[PDB]
Amino acid sequence: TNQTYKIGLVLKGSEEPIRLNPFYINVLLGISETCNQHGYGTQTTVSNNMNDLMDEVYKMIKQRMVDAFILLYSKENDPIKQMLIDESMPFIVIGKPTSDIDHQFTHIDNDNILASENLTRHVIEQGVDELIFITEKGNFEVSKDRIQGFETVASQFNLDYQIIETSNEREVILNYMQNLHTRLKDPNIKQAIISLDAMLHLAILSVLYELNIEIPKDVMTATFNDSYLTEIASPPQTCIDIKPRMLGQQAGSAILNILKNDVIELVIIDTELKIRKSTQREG
Amino acid sequence: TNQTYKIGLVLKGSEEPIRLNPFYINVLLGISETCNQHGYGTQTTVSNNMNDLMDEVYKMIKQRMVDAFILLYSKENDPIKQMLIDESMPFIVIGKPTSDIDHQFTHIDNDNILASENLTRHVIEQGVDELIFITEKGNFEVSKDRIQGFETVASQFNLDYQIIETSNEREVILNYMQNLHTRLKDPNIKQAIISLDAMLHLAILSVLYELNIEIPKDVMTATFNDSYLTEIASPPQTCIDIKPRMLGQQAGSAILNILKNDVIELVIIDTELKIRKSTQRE
């Protein structure tokens with residue numbers, strides 16, 4: 001191992017809704033403060049696409065710039081996870097183990113099936129007929145896990161449901177909600193919309209405002225990752241708190257412990273449902 | 001001799017209303033980018049209150065962990081600004097020069113009197129009869145500048161207006177907006193609400209959603225500090241783009257120039273009006 005006392009933190013992208021995403025802000029704060037309490041510095045990747053991220057992480061390996069890495073995402077056949085495996089770099093992954101070799105490498109995750117099941121159950125407890133899950137593109141394991149938990153509680157209570165995969169584009173979201181507008185306005189059908197993540201959810205609420213689809217009256221809404229932004233959304237949003245500052249602190253501790261020396265295969269951080277106005281009946 | 005090649009980045013707090021604000025996120029990216037260009041690293045303060053902040057800036061000085069500081073705010077009688085003048089630390093301020101001694105130090109700021117005037121003018125072009133400016137507590141220089149701009153244009157155009165000071169606390173905001181509820185619902189009186197900053201603005205919109213006061217039908221709304229939070233607000237908001245990344249880069253450049261060397265007193269970064277649905281009542 002190197003002797004830089006620095007940890008490289010690999011991000012998914014540099015995009016405006018990613019570097020402003022309260023998930024990454026809190027995860028990186030969690031990592032950095034822990035690292036900084038033990039004499040370790042941090043270096044966040046700034047790359048915005050896969051070929052460039054393969055380039056800039058390889059630079060960090062070859063120029064011996066850091067001692068270790070923390071991958072801030074999990075994906076099946078991740079070539080940059082393969083890079084760190086090929087070039088013998090110690091690392092942590094924030095996300096779900098997906099393979100045989102993943103037994104060797106410490107992962108830090110939430111239980112994303114349970115989190116979604118908890119959220120999906122709660123909306124059913126308020127009384128719904130039909131459910132909608134809205135997700136983002138990419139073969140991300142967090143997406144797969146949260147979809148799976150949603151589909152399981154929905155099937156368990158024999159409810160009708162649909163999955164919508166969308167980009168964050170206003171026009172694109174608008175078209176999807178235009179299609180549902182008439183059913184979303186039907187007073188005989190009780191509906192709930194669940195989004196993958198709060199940043200995507202905020203775009204949804206904006207389109208729902210534009211179409212005068214009122215919450216909770218026409219539809220109930222909920223999402224993942226509680227922060228100040230879901231708290232002061234229009235209306236305040238029911239959400240699963242996934243403790244991103246805790247996730248970061250735990251990843252920071254794990255990588256430090258690896259550099260001291262044993263494998264802890266998977267560390268699970270408990271989540272918490274926060275009930276707000278968007279799933280609460282006004283009477 | 002024995003320079004650290006690090007810059008202390010001093011914020012007022014680190015809680016999530018602050019640290020999730022794309023203004024601070026973008027100014028901090030802007031500073032670091034310019035610093036990491038020229039070999040310098042950065043060290044961002046983590047304290048939430050004034051007591052912990054003073055203690056940690058003092059410790060940064062005493063244990064010499066940074067060469068210089070950037071203050072990411074401007075307020076009169078600032079105790080950490082006084083601490084840096086006491087300890088002769090090289091520093092710059094992001095915000096308005098206030099005091100007699102503030103002549104000595106570079107400030108990087110927006111044209112906040114003018115940008116609020118620009119915003120008030122745009123709202124008035126759409127046709128209004130009354131105007132409300134909502135500000136946050138704590139007499140910062142950015143508040144006074146934005147209220148002054150507002151007041152000058154609103155009085156010039158012979159318009160009725162009020163100034164509301166509030167905390168970001170939900171039930172305080174709710175109480176304020178419930179008093180205006182009947183007036184805001186009136187189809188004969190045209191009104192506009194302007195908030196000090198996008199993050200406070202969002203708490204306002206959420207209370208407006210609660211009270212069934214639709215935008216821009218019942219009231220037009222607008223604020224300062226353009227980001228994704230105003231672009232995808234409910235509804236998208238008209239706002240002043242105050243250029244936080246560029247502001248950060250000019251701060252990064254100003255401090256590196258102070259350490260190399262005779263002091264540029266004020267840098268102004270221009271702002272841009274961004275018109276969206278919330279003021280588009282046509």
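- As recorded in the PDB header, X-ray crystallography is the method behind this entry, and the stated resolution is 2.20 Å.

**A look at the sheet that holds strand β6 (residues 130-136) of chain B**
Residue and element names in this part refer to chain B.
Moving on, step 1. Spatially, the six strands line up as an open sheet ordered β7-β6-β8-β9-β10-β12, and their pairing is mixed. One side of each edge strand has no neighbouring strand; the edge strands of this open sheet are β7 (160-166) and β12 (272-274). Strand after strand, the sheet turns through a mean of 20° between neighbouring axes, direction not considered.
Moving on, step 2. Judged from the five bridges that link them, β6 and strand β8 (residues 191-195) form a sheet pairing that is parallel. Paired with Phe133 across the strands is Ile194, a residue of β8.
Moving on, step 3. Against the sheet, helix α5 (residues 112-125) engages β6, β8, β9 (219-224), β10 (238-241) and β12, with an angle of about 165° to β9.
Moving on, step 4. Contacting β6, β7, β8 and β9, helix α8 (residues 198-210) runs over the sheet at an angle of about 160° to β9.

**So, the nonpolar core**
Moving on, step 1. Ranked by size, the top nonpolar core spans 98 residues in total, and within it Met177(A), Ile7(B), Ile70(B), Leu72(B), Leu131(B), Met177(B) and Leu208(B) carry the most contacts.
Moving on, step 2. Among all residues touching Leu131(B), those that are not within four sequence positions of it are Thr120(B), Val123(B), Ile124(B), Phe150(B), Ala154(B), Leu159(B), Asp160(B), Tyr161(B), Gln162(B) and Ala192(B).
Moving on, step 3. In terms of nonpolar packing, the next biggest core, distinct from the first, is built from 44 residues, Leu9(A), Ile92(A), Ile147(A) and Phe224(A) among them.

**A short note on helix α10 (residues 244-260) of chain A**
Moving on, step 1. Between its terminal C-alpha atoms α10(A) stretches 24 Å, which fits the 24 Å expected from 17 residues at 1.5 Å a residue.
Moving on, step 2. Looking only at α10(A), the buried set comprises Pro244(A), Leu247(A), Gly248(A), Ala251(A), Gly252(A), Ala254(A), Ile255(A), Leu256(A) and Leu259(A).

**Side note on the domain arrangement of chain B**
Residue and element names in this part refer to chain B.
Moving on, step 1. Under the domain assignment, chain B is made up of domain 1 (1-110 + 242-271) and domain 2 (111-241 + 272-282).
Moving on, step 2. Using only C-alpha atoms to locate each centre, domain 1 and domain 2 end up separated by 29 Å.
Moving on, step 3. Here domain 1 and domain 2 share an interface that buries about 1700 Å² over both sides, 49% of which is from carbon and sulfur atoms.
Moving on, step 4. It is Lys96, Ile242 and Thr271 in domain 1 that bury the most area against domain 2; as a group they hold 34% of the surface buried on that side.
Moving on, step 5. Linking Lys243 and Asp241 is a salt bridge whose minimum nitrogen-to-oxygen distance equals 2.7 Å.
Moving on, step 6. On the surface where domain 1 and domain 2 come into contact, there are 11 residue pairs in polar contact.

**Some words on the interface of chain A and chain B**
Moving on, step 1. Counting residues at the interface gives 31 residues for chain A and 32 residues for chain B.
Moving on, step 2. Contact between chain A and chain B buries roughly 2600 Å² in total, counting both sides, with carbon and sulfur atoms accounting for 60%.
Moving on, step 3. At the junction of chain A and chain B, the tally comes to zero salt bridges.
Moving on, step 4. At the boundary of chain A and chain B, one finds 13 residue pairs in polar contact.
Moving on, step 5. Secondary-structure elements contributing two or more residues to the side of chain A that touches chain B are α1 (16-19), α2 (22-36), α8 (198-210) and α9 (228-231) of chain A.

**Here we look at the packing of helix α3 (residues 50-62) of chain A against helix α4 (residues 79-86) of chain A**
Residue and element names in this part refer to chain A.
Moving on, step 1. Orientation of α3 relative to α4, taken along the N-to-C sense of each, is 20°, at an axis distance of 10 Å. Relative to α4, the element α3 lies roughly parallel. At the point where α3 passes α4, the crossing takes the right-handed sense. For the pair α3 and α4, contact is made by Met50, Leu53, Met54, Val57, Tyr58 and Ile61 and by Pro79, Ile80, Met83 and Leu84, respectively.

**Considerations on the domain arrangement of chain A**
All names here are of chain A.
Moving on, step 1. In terms of domain boundaries, chain A breaks down into domain 1 (1-110 + 242-271) and domain 2 (111-241 + 272-283).
Moving on, step 2. For domain 1 versus domain 2, the separation of C-alpha centres amounts to 30 Å.
Moving on, step 3. Tallying the contact residues gives 18 residues for domain 1 and 20 residues for domain 2.
Moving on, step 4. Counting each side, the surface lost to burial between domain 1 and domain 2 is near 1600 Å², with a carbon and sulfur contribution of 52%.
Moving on, step 5. If you sort the residues of domain 1 by the area they bury against domain 2, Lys75, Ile242 and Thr271 come out on top, with a joint share of 34%.
Moving on, step 6. On the surface where domain 1 and domain 2 come into contact, there are three salt bridges.
Moving on, step 7. Counting every contact that joins domain 1 to domain 2 gives seven residue pairs in polar contact.

Thresholds, definitions, all that
- Residues numbered from 1 in each chain as written, not as in the entry; some residues may be left out.
- Chains lettered and ligands numbered in written order.
- Heavy atoms only, no water.
- Pairing = 2+ DSSP bridges.
- Helix = DSSP H or I, 4+ residues; strand = E, 2+ residues; numbered from the N terminus.
- Axes fitted to C-alpha atoms, helices over the stretch in contact; angles between N-to-C directions.
- Contact = heavy atoms within 4.5 Å.
- Core = buried A, V, L, I, M, F, W, Y, C linked by side-chain atoms within 4.5 Å.
- Buried < 20%, exposed > 50% of the residue type's maximum accessible area, 1.4 Å probe, protein only.
- Expected span 1.5 Å × (residues − 1).
- Domains from an automatic or database assignment.
- Buried area = accessible area lost by both parts, 1.4 Å probe.
- Salt bridge = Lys/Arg side-chain N within 4 Å of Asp/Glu carboxyl O.
- Polar contact = N/O pair within 3.5 Å; in protein donor to acceptor, adjacent residues only side chain to side chain.
- Parallel < 35°, antiparallel > 145°, perpendicular 65-115°, else oblique.
- Left-handed = near helix turned anticlockwise from the far one by under 90°.

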